[PDB]
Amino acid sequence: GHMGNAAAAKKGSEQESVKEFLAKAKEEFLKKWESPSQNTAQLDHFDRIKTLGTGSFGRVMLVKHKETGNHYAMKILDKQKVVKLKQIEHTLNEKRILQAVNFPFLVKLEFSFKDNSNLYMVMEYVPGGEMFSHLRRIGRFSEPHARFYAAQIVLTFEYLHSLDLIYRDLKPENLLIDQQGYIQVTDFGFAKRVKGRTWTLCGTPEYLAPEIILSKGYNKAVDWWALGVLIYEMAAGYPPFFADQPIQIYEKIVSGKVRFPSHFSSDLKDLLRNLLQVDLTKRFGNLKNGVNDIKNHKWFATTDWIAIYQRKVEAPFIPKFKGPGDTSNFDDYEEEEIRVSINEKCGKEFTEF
């Protein structure tokens, strides 16, 4: 067989220890899921420094906590715009998830509050900027470099799926690099607590699994498809399915005929053919052995999963950081006022926030 006695016993023990960890993690999540925290600060506790990102709902700003000097990333959502865009439930769910989860690669929610106009989520500041930036800067990641990041995503999805959370928003734009070179996941607006199937069309074209595009329902295995897309893009520098227009991307995905750069290792191509598998009875992560088909794949043979979890592995890239509050790893965005109306807006829609 592939393992002798000692190796088999060690692997078996490791796998059973994961089950034991996850059972405790779920118990802890469910306590916080049922009793969320709220209203833990106010706007005038913070100085606004710089906008780190903007989107249709709001923006994310680097802020400094006046009393302590600590820097944070504050997401500001305009209540009226959230209602207009039909994102009330996504917004409330994102906050509920962030305050209940706990994992080293999931961003921590430090404070939250609201006022007449806006909702505020004060999160850790992750100073290394987006994986997207770093990937496009150097073109492609060598396989060990890609594998270091991929391993963190595998562990994060193992954790989330144990909580019955499907993630659905993976892409390099949505992954941040911390001062130690490890990945932080921040966005939970598309996440859903799902014990079986779900149907929503959501995500980014290049990262959509075939069964999201198609009308059929789907399950947490869409996240393992998306991991395949991420690993491919990290190691190639471009994603496996692209075209000028989304409808043409979708056609390629549902064919699922994937071609690889000539520099990909055979181990990498085998892993990716098993993640980018259109047939759900064959896709790694969706079989009887679950996540262990991925974690025990040859491409991951050098990965020490516990050491990654303990953040004891030296990272391949350490961002440059010139001092507290440095934003040199982020793009520049237009700076707009933070207006707070004299009148309360959309109060009843956002009571739970």
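The first residue of the shown sequence is 1; numbering continues from there. For the two forms, the rigid core is made up of the largest set of C-alpha atoms that agree within 1.5 Å on superposition.
Root mean square Cα distance to the shown form, taken over structures and residues in 9 other deposited structures of this protein after a core fit, is higher for 189 to 197 when 147 to 155 and 189 to 197 are compared. After superposing on the rigid core, the larger RMS C-alpha deviation in 9 other deposited structures of this protein belongs to 250 to 258, the other candidate being whichever of 250 to 258 and 170 to 178 remains.
When the two stretches 84 to 92 and 260 to 268 are set side by side, the higher mean Cα temperature factor goes to 84 to 92. Of the two segments, 127 to 135 and 279 to 287, the one listed with the higher mean B-factor is 279 to 287 (C-alpha atoms only). Ranking 294, 308, 30, 315 by Cα temperature factor from the entry places 30 first.
Set against one another, the Cα B-factors of 140, 192, 195, 171 in the record reach their highest point at 195. Among all modelled residues in its chain, residue 255 ranks in the highest third by Cα B-factor. Compared with the other modelled residues of the chain, the Cα B-factor recorded for residue 236 ranks in the lowest third. Remark: residue 247 belongs to the highest third of its chain, ranked by C-alpha B-factor as recorded. Residue 116: CA B factor lies in the highest third for its chain, per the PDB record.
Sort the modelled residues of the chain by CA B factor and residue 79 lands in the highest third.
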